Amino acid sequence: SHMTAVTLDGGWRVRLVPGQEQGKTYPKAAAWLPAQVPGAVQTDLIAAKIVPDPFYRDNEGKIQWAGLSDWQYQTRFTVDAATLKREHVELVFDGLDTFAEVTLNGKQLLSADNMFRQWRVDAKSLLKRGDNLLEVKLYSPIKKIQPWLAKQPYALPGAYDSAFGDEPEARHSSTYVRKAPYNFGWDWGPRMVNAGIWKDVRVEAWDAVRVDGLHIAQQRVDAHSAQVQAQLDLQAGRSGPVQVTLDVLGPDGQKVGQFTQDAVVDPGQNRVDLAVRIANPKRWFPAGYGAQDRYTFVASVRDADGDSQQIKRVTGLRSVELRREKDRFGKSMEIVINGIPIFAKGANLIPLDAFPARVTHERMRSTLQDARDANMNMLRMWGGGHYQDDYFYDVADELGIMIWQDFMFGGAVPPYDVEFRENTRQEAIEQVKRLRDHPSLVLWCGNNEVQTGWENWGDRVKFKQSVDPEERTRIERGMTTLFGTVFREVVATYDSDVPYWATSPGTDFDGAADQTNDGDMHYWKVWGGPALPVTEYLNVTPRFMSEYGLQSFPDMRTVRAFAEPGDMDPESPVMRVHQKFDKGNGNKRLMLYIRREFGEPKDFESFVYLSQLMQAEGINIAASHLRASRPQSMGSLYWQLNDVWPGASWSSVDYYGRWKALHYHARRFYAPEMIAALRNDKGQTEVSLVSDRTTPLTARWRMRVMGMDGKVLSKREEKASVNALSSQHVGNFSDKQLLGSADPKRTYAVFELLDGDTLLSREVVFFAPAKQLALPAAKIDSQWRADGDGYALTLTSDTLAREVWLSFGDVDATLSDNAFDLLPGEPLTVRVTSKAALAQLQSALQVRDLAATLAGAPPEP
């Protein structure tokens, strides 16, 4: 009979395992309370109003006890006679976080110890007709591991200390458990050591054959043909004939062809492979390089009892090559898609929430749409988080956002015992199997920063030199095996047509990590470490930059969402709670960078804005430099894209999906055709024309040197033929070739790139820190007009207006552009999209600019 699958998302309740100190302290949690599946006991507590929202003000501490406690889930469910007559009946847990003991009708069913693994167990023996009682006990990873850890000769160098002191310093349990690293707190997120059934639970029943998977293995793909192999993986309880039918539909939906294969399956696993050749394929390309065409593979399996079953895969035909060849700059690192070398433009992706089980499809999609809108073509799913929901990868496929997929290791030195290795191997197999058919997934990576940490971080270096050399060898061997062998083999076996990368940053264990002439780099000498000036970005040029960034505050709307009017000061206890860099004392670093460029902010609202400008302009410099240095560099992924929480971070989009100034800048410096004018610390401005086109660009570029009084000092226009997929230097100007005798504090330069009379890109360059400039007081005129859905807002400034920031108080609105420069007498129109009426928008409109913000600023302390 038809394979049946019933989800158990009803009647769940949860309570503290009896006998714990937390039970006495929180008696409401000692009693049964409603529970959501999927969910977390933390959010169950919040929903039952037992604890306040941990995101709000300084409530974070008030929920910490939950992650130190043991929890007991319970649900009852009924199984009908047809289901119990079936030859196979199983319970499936897609996600247990993390140390779980499951009982069914009072006897043992399952032991689970990996947040990222699927657990299938034969339940038929233990099930009864009518009412069944399913219980799931979850144990605090901290409470379970710490007693063991305290007796060990050493604790492995881990991640972050507990700000609440419930784990010893430098003795982190997080290292020893397969659980999302960021749960234990990070320098942009709260400590939420979640416990929960955080994925679906199912009762599944089948008779002759269970279809366990379909994988469209791409053997070779080019313009002329695609040769693939549909691989059906079939679990059979008894030997017998099956017949497989395969329909292939193209991007439009028409049948591409039909294929059939008879086979005899035997008890256990069986693979039935069907070869498919697609002439002149409509291939899948990343964003900006074509369409995101996808084919649909539909397999039908009829078993020995005449029962038919369907399984579908929506996949994209594409070749992927990680090209590493020797050249002038050492050894390249290029993502090549369909024979096209793609300069990776994007950012690092972290979880969308501190509580991942409640993340909506809406937010998953808008996060990717954000990336697409800022002209990105790649996101790196950073290894300190969790593997995303299926739907996330679906939208990624659809939008053409390539995914650099870390396995979920975030920097901690892993233990080298076999059991941890084999536990992790099975995790890798299941995730690779689940995600491999997504065309957007173009690279697997073993971890984030483990090697570079081992080699470059003070604590790692001291540790590895403190232990006996033979113990050091055991530890290093464990890492090399896990990240060099185990993960590589899983990918080579199950997702063979995409490359693997031992560690980010690194050279795939060829040599040392974080090199400038081989592999990728995480550059944090700006912001972190010595905290060098942002112009130092111009002196660093790796073959691929996979991390770098600057911090900023979220939107004013987001600030008011977690803070009250009395809290509006970066040094307030509430703002410090929401600043997680450098043990809560992050503002000092943030203020270092703000003051450098803009001096001392007049008020809290100016502080937030200036913090965002600091971040935006700093990253603008680096990204433009990287792109302009092609083919020396071939990748820019800034830290970070998104937030898990309302608070200060390196994101360009905050927790509520609100664009910072950086994200608006990102669209520009990631634009397919871009002009880069970068003035370094020697007073030299290098101008480059960047084109990601696969065709030549017949361009013109202008250069105008302006007094801040409106007078033009010089005007220049030149022709340029930019090659496809390239960067061309068109000029290099000293300060004195530009200003001559003119005062650098009172002069600026405008750079424009054109195609015919269409302005493709523009950059405004200054010759002194903004705080020293004599910026003009701008009179900005604004006109409104309905335009389709929302409104067209036209801004016109009489003078130069730097970094114009539009906002509307608590009236929600999106803009097609923001944080832009207005040039004298040149009107700019931006699309306002809002549920609000025009009159409301007009009344609520606020127009901020750099000159007005700096005006009246107090001195630096």
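Numbering starts at 1 and follows the sequence shown.
**Q** Could you check which stretch, 676-684 or 338-346, carries the larger mean CA temperature factor in the entry?
**A** The entry gives the higher C-alpha B-factor average to 676-684.
**Q** Take the C-alpha B-factors listed in the entry for 550-558 and for 158-166, compute each mean, and give the stretch with the larger one.
**A** Looking at the record's C-alpha B-factors, the answer is 158-166.
**Q** Would you mind checking which of 433, 700, 667, 363 has the top Cα temperature factor in the PDB entry?
**A** When the deposited C-alpha B-factors of 433, 700, 667, 363 are compared, 700 is largest.
**Q** Select one of 628, 619, 502, 764: the residue whose C-alpha shows the highest B-factor in the crystal structure entry.
**A** Comparing C-alpha B-factors across 628, 619, 502, 764, the maximum falls on 764.
**Q** Can you tell me which third, lowest, middle or highest, the CA B-factor of residue 43 falls into for its chain?
**A** Answer is middle: the recorded C-alpha B-factor places it there.
**Q** Sorting the chain's modelled residues by C-alpha B-factor, tell me whether residue 381 ends up in the lowest, middle or highest third.
**A** Within its chain, residue 381 is a lowest-third residue by C-alpha B-factor, going by the deposited values.
**Q** Looking at the C-alpha B-factor of residue 657, is it in the lowest, middle or highest third of its chain?
**A** Lowest third - that is where residue 657 ends up once the chain's C-alpha B-factors are sorted.
**Q** Classify residue 449 as lowest, middle or highest third according to the C-alpha B-factor given in the PDB entry, relative to its own chain.
**A** Lowest third of the chain for residue 449's C-alpha B-factor.
**Q** Would you check the entry's CA temperature factor for residue 271 and let me know if it's in the chain's lowest, middle or highest third?
**A** Answer is highest: the recorded C-alpha B-factor places it there.
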